[PDB]
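**Student:** Dropping a structure here in structure tokens format, bear with me for questions.
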There are 2 protein chains.
Amino acid sequence: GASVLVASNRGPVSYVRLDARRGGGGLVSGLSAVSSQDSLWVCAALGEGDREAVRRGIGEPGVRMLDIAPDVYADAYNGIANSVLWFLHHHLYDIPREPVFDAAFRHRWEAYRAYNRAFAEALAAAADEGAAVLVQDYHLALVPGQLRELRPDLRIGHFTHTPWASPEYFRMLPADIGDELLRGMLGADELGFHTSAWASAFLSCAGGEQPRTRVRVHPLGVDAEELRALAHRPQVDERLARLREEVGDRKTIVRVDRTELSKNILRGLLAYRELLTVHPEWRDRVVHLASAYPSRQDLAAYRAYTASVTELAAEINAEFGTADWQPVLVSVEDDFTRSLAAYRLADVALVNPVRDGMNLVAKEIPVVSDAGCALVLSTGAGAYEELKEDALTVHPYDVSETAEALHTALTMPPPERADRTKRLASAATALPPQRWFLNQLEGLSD
Amino acid sequence: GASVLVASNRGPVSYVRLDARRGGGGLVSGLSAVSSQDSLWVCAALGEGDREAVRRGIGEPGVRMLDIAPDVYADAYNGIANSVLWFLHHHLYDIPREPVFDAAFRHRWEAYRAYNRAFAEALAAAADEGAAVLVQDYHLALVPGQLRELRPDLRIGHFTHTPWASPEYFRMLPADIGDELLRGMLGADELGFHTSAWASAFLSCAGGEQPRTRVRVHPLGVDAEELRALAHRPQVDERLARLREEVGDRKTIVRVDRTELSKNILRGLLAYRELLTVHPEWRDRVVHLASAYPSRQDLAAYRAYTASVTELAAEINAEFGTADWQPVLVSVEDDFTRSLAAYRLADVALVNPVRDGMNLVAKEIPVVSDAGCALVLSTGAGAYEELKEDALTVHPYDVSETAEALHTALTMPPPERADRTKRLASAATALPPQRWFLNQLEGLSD
């Protein structure tokens, strides 16, 4: 019997041939405020090692891991969730070719239903009378509706971490699919989003007027003390020292995002090319740090995006580079110690996604900046509504405006830059992970 | 000094090495409906022949061809009009990569302004006091505002033959560009679109309180007599005989569209493949006629689409074909004689674009059908609002729904198909080209 339950595809522990491997994060932090004698976290076995753990009865106290059939899991999680819903909500489809709702899609939708149902049955079995249930993200959007039918006594929350598709865009789904998805989520007493634009979009898709479901905005932020302590370890100090050597005495424009289609890395690079073309005074005087670390390697479009990032970076280096200067410093590692050092050094942060739910990098950088950092932020970034007073606004498709914002950011008077950096840090730490989580739990008392 | 003026990129005369030749067709028929002594049609020179005619001072009466500098023409017409605005209004952008509004875009936009201004200045010099000016299509969307400034007395109409972008999609343009485009259009006393959805989208983008612009819906139809006469020439009878032998004793699903990105040929082929998989009784009993004739060869995306259409048709032939049956008959030529024959033969017509202004094919087939034709029509087709009661409706992304409509179409009992065809033919001809255009001229009374 649990009185507080969480459901997410990914739980706190992963097992490998068995050894246990812990990932932290927002949910670990949030549940650490809840009595561990009263909570249960339901999650999925992510691969063979996790399924073996479940097979042997090996598992963490307060965690229930579900063995969902590998082909049903692939079709639900990689198929519908991470391809079809991810693309829908981020507006990423190449309209002449995708989406395609065919017989195979329908088969994969049936698995998505069955994947969600395994979670709903687990929660239904474990939850005390009137328990609070917090369902996390688009993977489990049918759970609230399924679980409402099994257990009308439960208090059910669901939080979407992505954007929500605009109503016109959402109507690409066949009507029966769209409608099943909306009913799935409308089973909740409370639906949460990071921003009111995402919340409004969901509300418009539902037709307005959904009186049993409270729609709310809980924008996730950062724990200042925790991030600062990590950023000031000697390993970061060391790596920062090496990074200053690599950059030289030059200014920095920093990003660290993986090559995900919504991140808008290419147009960012194009804006950098135009900056160096139009404002030649920056040649030998600035370096753009960017990542070409792959987001995904199992879709053709994602592999082509990563390759285009690599190639465009190399074109810019060949055009403007000298023996002493590399204009784009490309990282292909995923090393958080290096990112923290990049955050500490940054003169300019380039956070220009087409659309996103909440990129925390916009919040993380100002919190750890050693001497101030100007933020170039797109209107589609989830952090936009909270940070727009002290960031330089850019419209994500507008490369010329993005190039000009880089110039304004690079020339921002140092005391203005500090005042902005301090106000950005304040807004960024308003709702750390633990209070973000507790507000959702509190919302289920409403 | 003329009292009725028409403006379009393409005029009614083409010069070939010199001989004036008049290609005609439905829309040129319409725009010519007010050729008189007191009228003028301003258009651009399109080949070296046209350019020679202008340089020499050779022209047909009532026609003024403009020699626009070749680089301004390329950037304005191929670039901004046929690439930027075409993609915008049909929603064809691949969001992770395009659109990109950079320095080169800005330079092409300046050419688009100058190209529109060449037309505006010609019209200004040639129009009598309070003359009616009918400007045609998205190429010339700035002319009304430009001309309005030069000549406040003129009565100006503008007709858009494409869709209009939804307000959210239209806001991808930089705000100064979007606002200039809208002010360009709003110079007019009347703005015309083929459908209410398109007019409504423009009205929503324009917002505001524009008291001197009325927005009207004039859907272009077909002249039955001109079309039937062309469809029953001996050359069509002869090509139709051959086509029956190519097909054999089998049903036909017909389309003739070039490989343009909005046409949705790939999803149509996937629906055909699904039809033959789910209703396999149709093997050896139907042939799908489709075209792989190129729409364009100067954009990478258009070359890729043509290659995909070719490849997919070949996969379907390899998958289901036998010595005596080839399921997809691919045409790689552009012969209107063959197309009229296929119109007359068609059991099913497949008109499933993602979005279009008015494709007349949906109207032409029922007009000339020898024995009845079942029309499968997408909700995004321009003809949808007029033809939906007797067409089988499909949603353009729903390949299963499109495959099921193909089955319903092929199994339709002949007398139901006949009644539907007659009603379609009636709807198709309610507003033929000459009246369509005369109503616009009458619209400029007041």
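In the structure tokens, chains take letters A, B, ... by order of appearance, with residues numbered from 1 within each chain and ligands from 1 in the order shown.
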Using only C-alpha atoms, which residues sit within 12 Å of residue 227 (chain B) once same-chain residues fewer than 6 positions away are excluded, as a VMD selection string?

**Tutor:** chain B and resid 25 to 26 29 221 233 336 to 337 340 343 to 344 360 to 361 363 to 369 425 428 to 429 432 to 433

**Student:** Just N, CA, C and O atoms for this one: save the residues we selected as a compact mmCIF listing (two decimals), in the first residue's frame.

**Tutor:**
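Result written to out.txt:
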# COMPACT_ATOMS: atom_id res chain seq x y z
N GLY B 25 -5.41 27.82 -72.32
CA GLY B 25 -5.85 27.17 -71.09
C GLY B 25 -6.88 28.00 -70.34
O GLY B 25 -7.13 29.17 -70.66
N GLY B 26 -7.46 27.38 -69.31
CA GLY B 26 -8.63 27.90 -68.61
C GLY B 26 -8.45 29.28 -68.01
O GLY B 26 -9.28 30.14 -68.22
N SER B 29 -7.86 32.06 -70.58
CA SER B 29 -9.23 32.27 -71.11
C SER B 29 -9.99 33.27 -70.23
O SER B 29 -10.60 34.23 -70.72
N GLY B 221 -13.81 27.52 -61.51
CA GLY B 221 -14.29 26.27 -62.07
C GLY B 221 -13.87 26.09 -63.52
O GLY B 221 -12.87 26.67 -63.95
N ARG B 233 -11.38 15.11 -79.25
CA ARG B 233 -10.62 15.15 -80.52
C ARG B 233 -10.15 13.73 -80.87
O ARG B 233 -9.93 12.92 -79.95
N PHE B 336 -0.71 16.45 -72.68
CA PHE B 336 -2.08 16.70 -72.28
C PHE B 336 -3.05 15.80 -73.03
O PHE B 336 -4.09 15.41 -72.48
N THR B 337 -2.69 15.42 -74.26
CA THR B 337 -3.47 14.40 -74.96
C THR B 337 -3.62 13.13 -74.13
O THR B 337 -4.74 12.61 -73.98
N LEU B 340 -5.95 13.79 -70.86
CA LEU B 340 -7.38 13.80 -71.15
C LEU B 340 -7.91 12.39 -71.40
O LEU B 340 -9.04 12.05 -71.03
N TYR B 343 -8.21 10.93 -67.98
CA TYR B 343 -9.43 11.50 -67.37
C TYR B 343 -10.69 10.75 -67.81
O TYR B 343 -11.55 10.43 -67.01
N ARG B 344 -10.80 10.54 -69.12
CA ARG B 344 -11.94 9.80 -69.67
C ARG B 344 -12.01 8.32 -69.25
O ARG B 344 -13.10 7.76 -69.18
N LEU B 360 -7.67 22.10 -60.47
CA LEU B 360 -8.78 21.92 -61.37
C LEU B 360 -8.99 20.45 -61.78
O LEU B 360 -10.07 20.13 -62.29
N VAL B 361 -8.01 19.57 -61.53
CA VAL B 361 -8.12 18.16 -61.92
C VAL B 361 -9.32 17.51 -61.28
O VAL B 361 -10.00 16.70 -61.93
N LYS B 363 -12.10 18.87 -60.67
CA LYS B 363 -13.24 19.34 -61.48
C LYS B 363 -13.27 18.84 -62.94
O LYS B 363 -14.35 18.65 -63.49
N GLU B 364 -12.09 18.62 -63.54
CA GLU B 364 -12.00 18.27 -64.96
C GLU B 364 -12.41 16.81 -65.24
O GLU B 364 -13.12 16.54 -66.22
N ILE B 365 -12.00 15.90 -64.36
CA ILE B 365 -12.25 14.47 -64.54
C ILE B 365 -13.76 14.14 -64.60
O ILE B 365 -14.20 13.56 -65.58
N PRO B 366 -14.55 14.54 -63.59
CA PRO B 366 -16.01 14.33 -63.65
C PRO B 366 -16.69 14.99 -64.85
O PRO B 366 -17.67 14.43 -65.37
N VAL B 367 -16.20 16.15 -65.29
CA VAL B 367 -16.69 16.79 -66.52
C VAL B 367 -16.54 15.91 -67.79
O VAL B 367 -17.47 15.84 -68.60
N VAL B 368 -15.39 15.26 -67.97
CA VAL B 368 -15.13 14.49 -69.19
C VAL B 368 -15.24 12.96 -69.06
O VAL B 368 -15.07 12.22 -70.05
N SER B 369 -15.51 12.47 -67.84
CA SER B 369 -15.62 11.03 -67.58
C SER B 369 -16.61 10.40 -68.57
O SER B 369 -17.75 10.86 -68.69
N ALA B 425 -19.78 17.16 -61.76
CA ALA B 425 -19.69 17.91 -63.02
C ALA B 425 -20.46 19.23 -62.94
O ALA B 425 -20.00 20.27 -63.39
N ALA B 428 -18.52 21.56 -60.61
CA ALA B 428 -17.30 21.91 -61.34
C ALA B 428 -17.45 23.07 -62.33
O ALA B 428 -16.49 23.80 -62.58
N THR B 429 -18.64 23.23 -62.89
CA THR B 429 -18.90 24.19 -63.94
C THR B 429 -19.76 25.37 -63.51
O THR B 429 -20.12 26.18 -64.36
N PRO B 432 -17.26 29.02 -64.43
CA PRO B 432 -16.18 28.89 -65.42
C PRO B 432 -15.28 30.14 -65.49
O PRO B 432 -15.66 31.20 -64.97
N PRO B 433 -14.08 30.02 -66.12
CA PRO B 433 -13.08 31.10 -66.03
C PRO B 433 -13.52 32.51 -66.44
O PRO B 433 -13.12 33.47 -65.81

**Student:** Using only C-alpha atoms, which residues sit within 8 Å of residue 296 (chain B) once same-chain residues fewer than 3 positions away are excluded, as number ranges by chain?

**Tutor:** B: 259-260, 299, 302-303

**Student:** Please report the interatomic distance between CA of residue 150 (chain A) and CA of residue 167 (chain A) in Å with one decimal.

**Tutor:**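 Separation between CA of residue 150 (chain A) and CA of residue 167 (chain A): 29.8 Å.
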
**Student:** Go through region 65-163 of chain B and collect every residue that DSSP, computed from the backbone, puts in strand (DSSP E or B); the answer should be as a list in words.

**Tutor:**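 Filtering region 65-163 of chain B down to strand (DSSP E or B) leaves residues 65, 66, 127, 128, 129, 130, 131, 132, 133, 134, 135, 136, 155, 156, 157, 158 and 159 of chain B.
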
**Student:** Any idea what's packed within 7 Å of residue 66 (chain A), counting only C-alpha atoms, ignoring anything in its chain fewer than 5 positions away? Could you give it as an MDAnalysis selection string?

**Tutor:** chainID A and resid 43:45

**Student:** Within 6 Å of chain B, which residues of chain A are there when counting only C-alpha atoms? Please give them as a ChimeraX atom specification.

**Tutor:** /A:92,94-96,100-102,261,397-400

**Student:** Suppose we keep N, CA and C atoms; can you now write the selection as a compact mmCIF listing (two decimals), in the first residue's frame?

**Tutor:**
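This went into again.txt:
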# COMPACT_ATOMS: atom_id res chain seq x y z
N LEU A 92 8.10 19.08 -35.74
CA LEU A 92 9.29 18.72 -36.47
C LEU A 92 9.05 18.00 -37.78
N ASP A 94 8.56 16.74 -41.49
CA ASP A 94 8.75 17.18 -42.88
C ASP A 94 7.48 16.84 -43.70
N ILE A 95 6.58 17.81 -43.77
CA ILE A 95 5.18 17.62 -44.17
C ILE A 95 4.95 16.86 -45.50
N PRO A 96 5.78 17.07 -46.55
CA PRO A 96 5.60 16.28 -47.78
C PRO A 96 5.79 14.76 -47.65
N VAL A 100 3.02 9.75 -41.49
CA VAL A 100 2.29 8.72 -42.22
C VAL A 100 1.47 7.87 -41.20
N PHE A 101 0.15 8.00 -41.17
CA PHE A 101 -0.69 7.13 -40.31
C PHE A 101 -1.26 6.01 -41.16
N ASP A 102 -0.57 4.88 -41.13
CA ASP A 102 -0.84 3.69 -41.94
C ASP A 102 -1.15 2.47 -41.04
N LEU A 261 16.84 17.62 -33.05
CA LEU A 261 16.24 18.41 -34.15
C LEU A 261 15.61 19.71 -33.72
N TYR A 397 13.95 31.32 -36.48
CA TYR A 397 14.22 31.23 -37.91
C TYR A 397 15.04 32.40 -38.45
N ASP A 398 15.11 33.48 -37.68
CA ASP A 398 15.73 34.71 -38.14
C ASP A 398 17.23 34.74 -37.84
N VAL A 399 18.01 34.25 -38.78
CA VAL A 399 19.46 34.18 -38.66
C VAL A 399 20.12 35.56 -38.55
N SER A 400 19.68 36.53 -39.36
CA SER A 400 20.21 37.90 -39.24
C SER A 400 19.97 38.54 -37.87

**Student:** Region 112-124 of chain B: which residues within 6 Å, counting only C-alpha atoms, same-chain residues fewer than 5 positions away excluded, as an MDAnalysis selection string?

**Tutor:** chainID B and resid 76 140 142:143 147

**Student:** Could you write out that same residue set with N, CA and C atoms as a PDB file, in the first residue's frame?

**Tutor:**
ATOM      1  N   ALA B  76      13.690  37.338 -57.367  1.00  0.00           N
ATOM      2  CA  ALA B  76      12.308  37.705 -57.015  1.00  0.00           C
ATOM      3  C   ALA B  76      11.296  36.603 -57.305  1.00  0.00           C
ATOM      4  N   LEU B 140       3.053  38.914 -57.275  1.00  0.00           N
ATOM      5  CA  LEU B 140       2.797  40.337 -57.258  1.00  0.00           C
ATOM      6  C   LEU B 140       2.039  40.859 -55.989  1.00  0.00           C
ATOM      7  N   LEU B 142       3.027  42.608 -53.439  1.00  0.00           N
ATOM      8  CA  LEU B 142       3.348  44.005 -53.034  1.00  0.00           C
ATOM      9  C   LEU B 142       2.780  45.098 -53.967  1.00  0.00           C
ATOM     10  N   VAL B 143       2.370  44.721 -55.180  1.00  0.00           N
ATOM     11  CA  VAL B 143       1.901  45.701 -56.182  1.00  0.00           C
ATOM     12  C   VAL B 143       0.733  46.567 -55.692  1.00  0.00           C
ATOM     13  N   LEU B 147       1.225  50.442 -55.807  1.00  0.00           N
ATOM     14  CA  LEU B 147       0.415  51.182 -56.795  1.00  0.00           C
ATOM     15  C   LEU B 147      -0.503  52.173 -56.097  1.00  0.00           C
TER      16      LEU B 147
END

**Student:** As number ranges by chain, please: every residue in region 118-323 of chain B that a backbone DSSP assignment puts in alpha helix (DSSP H).

**Tutor:** B: 118-126, 143-150, 167-170, 175-186, 196-206, 224-231, 234-247, 265-278, 300-320

**Student:** What's the 10 Å shell around residue 382 (chain B), counting only C-alpha atoms, without same-chain residues fewer than 6 positions away, as an MDAnalysis selection string?

**Tutor:** chainID B and resid 161:163 193:198 219:220 353 355:360 362

**Student:** Kindly save the residues from that selection, with N, CA and C atoms included, as a compact mmCIF listing (two decimals), in the first residue's frame.

**Tutor:**
# COMPACT_ATOMS: atom_id res chain seq x y z
N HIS B 161 -3.90 32.64 -55.86
CA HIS B 161 -4.26 31.30 -56.38
C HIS B 161 -3.80 30.16 -55.50
N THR B 162 -2.94 30.46 -54.54
CA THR B 162 -2.47 29.46 -53.59
C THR B 162 -3.31 29.44 -52.31
N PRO B 163 -3.00 28.50 -51.40
CA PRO B 163 -3.52 28.73 -50.09
C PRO B 163 -2.93 30.02 -49.48
N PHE B 193 -9.73 34.98 -52.91
CA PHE B 193 -9.17 33.67 -52.66
C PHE B 193 -10.10 32.62 -53.23
N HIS B 194 -9.61 31.41 -53.45
CA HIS B 194 -10.49 30.34 -53.94
C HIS B 194 -11.49 29.74 -52.93
N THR B 195 -11.19 29.86 -51.63
CA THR B 195 -11.99 29.22 -50.58
C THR B 195 -12.08 30.13 -49.37
N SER B 196 -13.11 29.91 -48.55
CA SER B 196 -13.31 30.60 -47.25
C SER B 196 -12.18 30.36 -46.27
N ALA B 197 -11.66 29.13 -46.20
CA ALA B 197 -10.51 28.83 -45.31
C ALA B 197 -9.29 29.70 -45.65
N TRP B 198 -9.01 29.88 -46.93
CA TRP B 198 -7.90 30.71 -47.35
C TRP B 198 -8.13 32.22 -47.05
N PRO B 219 -14.26 30.85 -56.26
CA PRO B 219 -13.61 29.59 -56.62
C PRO B 219 -13.63 29.32 -58.13
N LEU B 220 -12.47 29.19 -58.76
CA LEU B 220 -12.38 28.97 -60.21
C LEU B 220 -12.89 27.58 -60.55
N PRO B 353 -3.85 16.30 -52.20
CA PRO B 353 -2.76 17.17 -51.77
C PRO B 353 -2.87 17.52 -50.30
N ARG B 355 -2.29 20.52 -49.11
CA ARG B 355 -2.91 21.88 -49.14
C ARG B 355 -2.78 22.36 -50.58
N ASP B 356 -3.84 22.91 -51.13
CA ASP B 356 -3.75 23.63 -52.44
C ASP B 356 -4.87 24.66 -52.67
N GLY B 357 -4.58 25.60 -53.57
CA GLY B 357 -5.45 26.77 -53.78
C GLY B 357 -6.73 26.38 -54.48
N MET B 358 -6.58 25.94 -55.74
CA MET B 358 -7.59 25.21 -56.50
C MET B 358 -6.93 24.27 -57.52
N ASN B 359 -6.88 22.96 -57.30
CA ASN B 359 -6.47 22.04 -58.41
C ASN B 359 -7.71 21.71 -59.21
N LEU B 360 -7.67 22.10 -60.47
CA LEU B 360 -8.78 21.92 -61.37
C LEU B 360 -8.99 20.45 -61.78
N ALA B 362 -9.62 17.88 -60.02
CA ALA B 362 -10.79 17.35 -59.31
C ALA B 362 -12.09 17.72 -60.00
